[PDB]
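Everything below concerns the one structure shown next.
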Number of protein chains: 2
Amino acid sequence: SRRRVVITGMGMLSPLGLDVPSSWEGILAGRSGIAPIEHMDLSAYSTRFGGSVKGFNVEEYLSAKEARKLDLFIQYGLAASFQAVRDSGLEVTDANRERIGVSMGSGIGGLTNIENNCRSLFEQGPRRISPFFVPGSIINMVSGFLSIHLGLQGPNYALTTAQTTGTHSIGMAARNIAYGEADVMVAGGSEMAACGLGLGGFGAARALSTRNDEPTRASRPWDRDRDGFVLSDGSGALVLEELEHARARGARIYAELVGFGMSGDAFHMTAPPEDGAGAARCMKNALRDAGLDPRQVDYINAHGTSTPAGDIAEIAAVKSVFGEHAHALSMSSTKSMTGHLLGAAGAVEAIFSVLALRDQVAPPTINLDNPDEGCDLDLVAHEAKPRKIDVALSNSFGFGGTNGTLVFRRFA
Amino acid sequence: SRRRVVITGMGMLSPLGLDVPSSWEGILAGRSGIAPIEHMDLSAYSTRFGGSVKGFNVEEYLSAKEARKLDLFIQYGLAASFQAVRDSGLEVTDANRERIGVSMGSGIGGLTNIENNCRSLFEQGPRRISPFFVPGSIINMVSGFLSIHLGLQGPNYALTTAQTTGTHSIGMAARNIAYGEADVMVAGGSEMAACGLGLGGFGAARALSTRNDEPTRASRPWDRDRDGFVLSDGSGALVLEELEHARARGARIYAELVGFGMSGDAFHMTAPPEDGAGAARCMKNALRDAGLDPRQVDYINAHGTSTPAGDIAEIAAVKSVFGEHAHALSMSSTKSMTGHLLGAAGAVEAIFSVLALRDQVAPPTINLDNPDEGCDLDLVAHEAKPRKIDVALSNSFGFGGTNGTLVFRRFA
Ligand SMILES: C=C1C[C@@]23C=CC(=O)[C@@](C)(CCC(=O)Nc4c(O)ccc(C(=O)O)c4O)[C@@H]2C[C@@H]1CC3
Ligand SMILES: C=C1C[C@@]23C=CC(=O)[C@@](C)(CCC(=O)Nc4c(O)ccc(C(=O)O)c4O)[C@@H]2C[C@@H]1CC3
């Protein structure tokens, strides 16, 4: 009894732009959105750069009063969520509002808000904690606020699976629709971790590039001189719709979401298995889910974080799943341009996977100057590659050995 | 091909006990776990009491070296998870590990760790932030660390739906099993929010009881003089198992999980609608999901937080859904005794709803001295009521207007 799920709406904030067609222009032109951070003093930090959303005006979306109650990550997820709903042309009615849900997640949630309230608490005591500190900081408040704003009475939840969050949110929402629990879902992720604790936390884990002299060159997935990931901010939301609901209202359809894989590695808290066994199981489950032979995959949007162990583990995973086909598909990391939006990474990379299908073009991996040992696949170095893409795959893995794979197909 | 799902294992840390049987004895005896908070100086705070886990020894489960790097919510989540898996008698093998997953959630996760690291950041500087801060504090690391310790390679994720988290984590895991994505899932939630930001934050929102003179009488759901909820910490975990998988290995089955409802209110960020329309919609979805006549419901474990608005919304929902049968069923709030474990509230209350079925007894609502206007149902005031229970329901509501209902049935 499994219903087909298609994408009818997309919304985005990224370091490359304030919407989807600005971010995508940047992806195809191979631009970086990485720069020295301007909103705080990082003198004592070992990393001083990352991907900020530049020029965000929350009052295009909310009243000043509404915005003052919400952490930036929630502001960001609402912006991308409202763009996606507008993009879909969906009309919410008394007849359909219990068939429309939301699954917007985040990896690290209201860390920035918690920092600012912590400063007030330490400087002047608990009477200075904002009344809205709790509702304004918790990860489900993108789902909560969106559903209250639009009157959505379908499944209302949030995933938090670290750097896998966006991929899991989109996949579980697909499941909701395929198994008849909803007809429409808004899904994706938002992240704003560019605070003392985020740069300091990930930096204490020795997980960040320290290439402070050349921020636009720091993120270089599968390059021999990679030294960790680049911390970035933003959001991605997709409108997922049962196929016949989309066709019934004359919705423009971007792609079909055919396959979803999850699988734990059970390996280590913060490092992947070098052999890519985790990504491997997950991609295979996603392909089984889609009813697709590995040889039908044309494009992979890699997780490709620019860490030493992560990048090579992903090459191994792909070689295992795809055998000889590995040298026929294209794989790239848009994190080379966007940096790592953590729990939003899978959301914005789903969108880029969908636009690779719409536009028949593999986005580049910029800064891929000297591919490392074993990195001999078509990694689309430096420049966008026009090619045939009928099937795009998007991979995410996260802390705690969490893995997510989405399979999208062109459809005409 | 929707498969049936049973409970084969349960685990818990609560203000009444360091396991299920100790906690349940507390519940049936009408014992309060609420006491003045010992682990900090709260003289500047308007709320100075709550439910602590008392005498918790993480070394009954994990080495000192590991435990030291984990926030209390992760220690609580792992303890409950390990209890539930031992209680199930399940053996993890190469033949099944890919069919066993985990969904242990939290409302806000690593708040104590975040506060302590903020202190380090503001007094000392970023070089004093723990390298284990991110993996030891983020919400998906109960799922992550449990997969790593036991070798679980099934679906690995975490929900964060505020005070609804433990109910949704259980329900969605059951959906995973129902649709073939897993045969076994460890599901529930864990919370430790008893720090400056938690008491200060919920206090600033004016959500907390301020009955400092009488802590054990502060939590009084449906009582006229209720003045906000009581903040508690802990964890609940269930082993969910496909029925033929349970039968095949001859497992002890506690109950069947026959229904799961979700719904957004789409009303307000921190307040329910007075009529409880979201709770009503959620319970109706759950009962329809279970294929039951509403007159089959014998026992409701209410969300019942002791907030002025929440308690009366939930009587209105129960009147709307069950009509005259609202006067035949028993409804109680175990939060009268445990207080509010937030993201874990739905986990520990699921376990109490299953034990109500095993032991044919409705837990009491303690402190119900003066039922408020319209609170004219059997709310099991003061003392446990032995009675027939074939079907038990557990309700959860959260900030963001998130709702979830679980329906359990004696297995035969
Ligand atoms: C235990 C070790 C060894 C160490 C050495 C090599 C490395 O590459 C890093 C820096 C990062 C590993 C990794 O890719 N994790 C890792 C992962 O498993 C899953 C997701 C991500 C992500 O960024 O989304 C990620 O980053 C690790 C982390 C920590 C200290 C240095
Ligand atoms: C907007 C208002 C009005 C106000 C007036 C009387 C009240 O009863 C409270 C205190 C609590 C509302 C409520 O139960 N929320 C509420 C909710 O929707 C969902 C879950 C819970 C829970 O604890 O699990 C919860 O607590 C509200 C909260 C805030 C300030 C005072």
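When we count neighbours, we look across all protein chains shown, and the Cβ atoms used for this are built from the backbone with ideal geometry, even at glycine. Computed from the coordinates by the stated procedures, all read-outs in this text should not be read as laboratory data.
Less than 5 angstrom separates the built amide H of residue A:105 from those of A:159, A:188, A:189, A:190, all sequence-distant by 5 or more or on a different chain.
Across chain A, the relative contact order, built from alpha-carbon pairs under 8 Å that are at least six residues apart, equals 23 percent.
Assuming charge only on the beta carbon of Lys and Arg (+1) and of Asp and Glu (-1), the dipole of the stretch A:156-278 about its Cα centre is about 200 debye to the nearest 20. Residue of chain B with the Cβ closest to the rotation axis carrying B onto A, and that distance rounded to whole Å: B:118, 2.
Between the residues B:327, B:407, B:271, the greatest Cα displacement towards the positive end of the dipole of the stretch B:260-412, with unit charges on the Cβ of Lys, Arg, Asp and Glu, is found for B:407.
Of the residues B:259, B:125, B:189, the one that moves most in a GNM of chain B with alpha-carbon contacts below 10 Å is B:125. Using modelled backbone amide H atoms (1.01 Å from N, in-plane), which distant-in-sequence or interchain residues come within less than 5 Å of residue B:391's amide H? Amide H to amide H, under 5 Å and 5 or more residues apart or across chains, residue B:391 pairs with B:298, B:299. Given +1 at the Cβ of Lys and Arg, -1 at the Cβ of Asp and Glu and no other charges, the dipole of the stretch B:260-412 around its Cα centre is 620 debye to the nearest 20. Look at the dipole of the protein assembly as shown built from charges on Cβ: of B:116, A:50, A:73, the Cα furthest out on the positive end belongs to A:73. Sorted from closest to farthest, the other copies place their residue A:268 label points 5.0 nm away, with each point set 7 Å from Cα along Cα→Cβ. Amide H contacts for residue B:255 (H built 1.01 Å from N in the peptide plane; partners 5 or more residues away or on another chain; cut-off under 5 Å): B:7. Can you classify the stretch B:260-412 as rounded, prolate or oblate using the Cα gyration tensor, where a ≥ b ≥ c are the square roots of its eigenvalues, rounded means a/c under 1.5, and otherwise it's prolate if a/b beats b/c and oblate if not? Rounded. Ascending distances from the residue A:213 label point to its copies in the other chains, with the point 7 Å along the Cα-to-beta-carbon line: 7.0 nm.
Under a Gaussian network description of chain A, with springs only between Cα atoms under 10 Å, the residue in A:264, A:107, A:33 that fluctuates furthest is A:264.
Between the listed residues B:32, B:11, B:103, the Cα displaced farthest toward the positive end of the dipole of the stretch B:1-111, a dipole computed from Cβ unit charges relative to the Cα centre, is found at B:103. Could you tell me whether the stretch B:361-412 comes out rounded, prolate or oblate from its Cα gyration tensor? Rule is a ≥ b ≥ c as square roots of the eigenvalues, rounded for a/c under 1.5, then prolate if a/b exceeds b/c, otherwise oblate. Verdict is oblate for the stretch B:361-412. Neighbouring Cβ atoms from other chains, within 10 Å of the Cβ of residues in A:123-131, number 5 on average. Using the Karplus relation 6.51 cos²θ - 1.76 cosθ + 1.60 with θ = phi - 60°, the per-residue 3J(HN,Hα) values for the stretch B:11-28 come to x, 6, 10, 9, x, 10, x, 8, 8, 4, x, 4, 4, 5, 4, x, 4, 6 Hz, with x marking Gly and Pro. Inter-chain Cβ neighbour count for A:93-105, averaged per residue, equals 2 (cutoff 10 Å, partner chain atoms only).
Compute the projected area of the convex hull of the Cα atoms of the protein assembly as shown, averaged over all viewing directions, and report it in nm² to one decimal place.
Working: hull surface 119.6 nm².
The number I arrive at for the protein assembly as shown is 29.9 nm².
Calculated [222 nm] ellipticity per residue, helices only, for chain A: -10000 deg cm²/dmol; basis is -39500 (n - 2.57) per DSSP H run with n ≥ 4, divided by all residues, nearest 500.
The 3J(HN,Hα) values that the Karplus relation (6.51, -1.76, 1.60; θ = phi - 60°) gives for the stretch B:166-176 are, in residue order, x, 5, 5, 4, 5, x, 5, 3, 4, 5, 3 Hz. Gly and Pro appear as x. Assign one of three labels to the stretch B:123-189, namely rounded, prolate or oblate, based on the Cα gyration tensor with a ≥ b ≥ c the square roots of its eigenvalues; rounded applies when a/c is under 1.5, prolate when it is not and a/b is larger than b/c, and oblate otherwise. The shape class here is oblate.
Please express the shape of chain B as an equivalent ellipsoid: the semi-axes are the square roots of 5 times the eigenvalues of the C-alpha gyration tensor, given largest first in whole angstrom. Present the calculation step by step, with values, prior to reporting the outcome.
Working: eigenvalues 174, 158, 64 Å².
Taking √(5λ) for each Cα gyration eigenvalue gives 29, 28, 18 Å.
Measuring from each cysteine beta-carbon in chain B, the ones with no other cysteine beta-carbon under 4.7 angstrom are B:195, B:282, B:375. For chain B, the Cβ-based charge dipole about the Cα centre amounts to some 680 debye (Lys, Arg positive; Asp, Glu negative; other atoms uncharged).
Residue by residue, the stretch A:243-259 carries 3J(HN,Hα) couplings of 3, 5, 4, 5, 4, 4, 9, x, 5, 4, 10, 8, 4, 9, 8, 9, x Hz when phi is fed to the Karplus relation 6.51 cos²θ - 1.76 cosθ + 1.60 (θ = phi - 60°); x denotes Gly or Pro. In nm, one decimal, shortest first: how far is the label point of residue A:374 (7 Å from Cα along Cα to beta carbon) from the matching points in the other copies? Copy-to-copy label distances at residue A:374, shortest first: 6.4 nm.
Gaussian network model of chain B, Cα springs within a sub-10 Å range: biggest mean-square fluctuation belongs to which of B:64, B:193, B:277? Looking only at B:64, B:193, B:277, the largest GNM fluctuation is found for B:64.
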